[PDB]
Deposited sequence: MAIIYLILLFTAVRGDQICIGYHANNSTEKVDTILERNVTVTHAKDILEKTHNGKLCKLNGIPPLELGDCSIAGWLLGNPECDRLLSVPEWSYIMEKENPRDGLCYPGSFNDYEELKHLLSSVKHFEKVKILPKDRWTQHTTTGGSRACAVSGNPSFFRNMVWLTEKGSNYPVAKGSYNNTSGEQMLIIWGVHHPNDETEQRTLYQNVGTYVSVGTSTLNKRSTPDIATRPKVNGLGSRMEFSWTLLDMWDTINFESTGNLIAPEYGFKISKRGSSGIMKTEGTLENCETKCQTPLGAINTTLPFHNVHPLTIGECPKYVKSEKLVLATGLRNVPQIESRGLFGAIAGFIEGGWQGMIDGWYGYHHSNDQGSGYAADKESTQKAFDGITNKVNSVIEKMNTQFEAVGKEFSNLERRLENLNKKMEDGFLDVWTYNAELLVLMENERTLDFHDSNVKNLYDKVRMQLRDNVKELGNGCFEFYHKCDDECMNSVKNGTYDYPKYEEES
């Protein structure tokens, strides 16, 4: 009876810490490199889809964002890299990044009219600009009111709002910075104006800045916007002697958990995922992926590898223990029932036969190993892509430094874990053949000649009942 190990037509290759390009009978890749090329719903909830609009564009009601979808609940934001329709009237948005991060993910979101336009009797309310032109006519941010002089008079404009919505409300306001003192007087009459905003938490007084600037969309003037979270049951007070750009609406918002923004050109598709990249969604149990660094969801660890191949079967031969590709020179393509087994040449016939108990125990072992590498990986929801202003470069560099930091830790460890485990595995199979061999040799004792090639030549006669 002969002792041998399985061999097949496999051309799969793995490396170990001692050998590269070793051919094995079976292998498991543990690096996910496939997506589905689709922007999907994350955990059952769609993304907010901004088209060519930016967040500021959208919130303020740039007329060019009139046709936006708007869902009441979203799980991330889809925004173009360099949108197109933002502040149609030129200016700036204070703490814009914090806002985007606030809005990035929401359980509920609903726009409500909080200070209706027509309540500003005493003030004119129809001022628009050609920078926000619809059909060549002057127009303005659909969610905001430009308050100007009426008749030739601008009385103290007061307006408050008690947040009885039932949820936290995001409110936005603006300050108009004129281009010249003339523009100032023709608009507001008063010359030493201020704009005042107040809650239980907020106290802000702003004074318009009247100066000549380079024209942007045809204007030396600017509008500076700002925001706040009006708490439940708190009240907001607006008071201005000119230059106020009052909100008509607010946004009850209720969140949730915080997510992120995804820069893409694509459009939602009605598939499902727990892990979205800008190239498509990943759906895996694997520990690592190399698809794209900017994921949103619960994702495998991003790693720099091209491949991470774990050996599972043995060395395919057409070791620490000296058996495989050792004193048993090669494998048996004829043995198909298992990894290790017997040959046995009889005067009743020949044949091959796997040793079911020792192949099953090797299989459970290798199954347990693969499962350990895979299920010990802890995966938690993260956004990754982040937003910093032009004055927060250090902070952005901090974040890159850190992201690169984990990239290198995970890459080194994954490359190496794989290298080291492959050599143990190959040694495991070697040990297993060696042990099956020794288990037979310890029985047959003197009754057989030990040929040296893993074969035992019986002195006596041994038929099927003997085998």
Missing residue ranges, deposited sequence indexing starting at 1 = 1-17, 336-340, 490-506
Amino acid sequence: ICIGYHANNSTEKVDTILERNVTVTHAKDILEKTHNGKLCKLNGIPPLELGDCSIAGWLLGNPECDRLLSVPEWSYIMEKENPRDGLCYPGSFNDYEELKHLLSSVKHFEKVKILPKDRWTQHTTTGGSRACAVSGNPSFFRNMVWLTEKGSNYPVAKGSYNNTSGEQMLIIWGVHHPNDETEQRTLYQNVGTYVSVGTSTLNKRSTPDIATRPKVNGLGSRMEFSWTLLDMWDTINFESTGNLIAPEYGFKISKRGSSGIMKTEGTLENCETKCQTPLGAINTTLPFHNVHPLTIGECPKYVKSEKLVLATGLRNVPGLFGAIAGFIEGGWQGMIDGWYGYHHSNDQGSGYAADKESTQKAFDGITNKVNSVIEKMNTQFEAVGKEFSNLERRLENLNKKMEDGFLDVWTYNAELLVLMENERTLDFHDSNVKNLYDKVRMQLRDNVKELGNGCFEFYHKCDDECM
From here on, numbers count along this sequence of modelled residues.
query = Can you tell me which stretch has the higher mean Cα B-factor, 149-157 or 177-185?
reply = 149-157
request  = Taking the mean of the C-alpha B-factors per stretch from the entry, tell me the winner out of 421-429 and 434-442.
outcome  = 434-442
remark   = Note to self: of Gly127, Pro214, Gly351, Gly242, the C-alpha temperature factor tops out at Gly351
remark   = One of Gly266, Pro208, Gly334, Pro287 has the largest Cα B-factor in the entry, namely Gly334
query = Where does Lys356 sit by CA temperature factor within its chain: lowest, middle or highest third?
reply = highest
query = Ranked by Cα temperature factor within the chain, is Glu396 in the lowest third, the middle third or the highest third?
reply = lowest
ask   = Ranked by Cα temperature factor within the chain, is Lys301 in the lowest third, the middle third or the highest third?
value = lowest
query = Going by the entry, which third of its chain does the Cα temperature factor of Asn43 land in?
reply = middle
inquiry  = Taking only the Cα B-factors deposited for this chain, tell me whether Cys132 sits in the lowest, middle or highest third.
reply    = highest
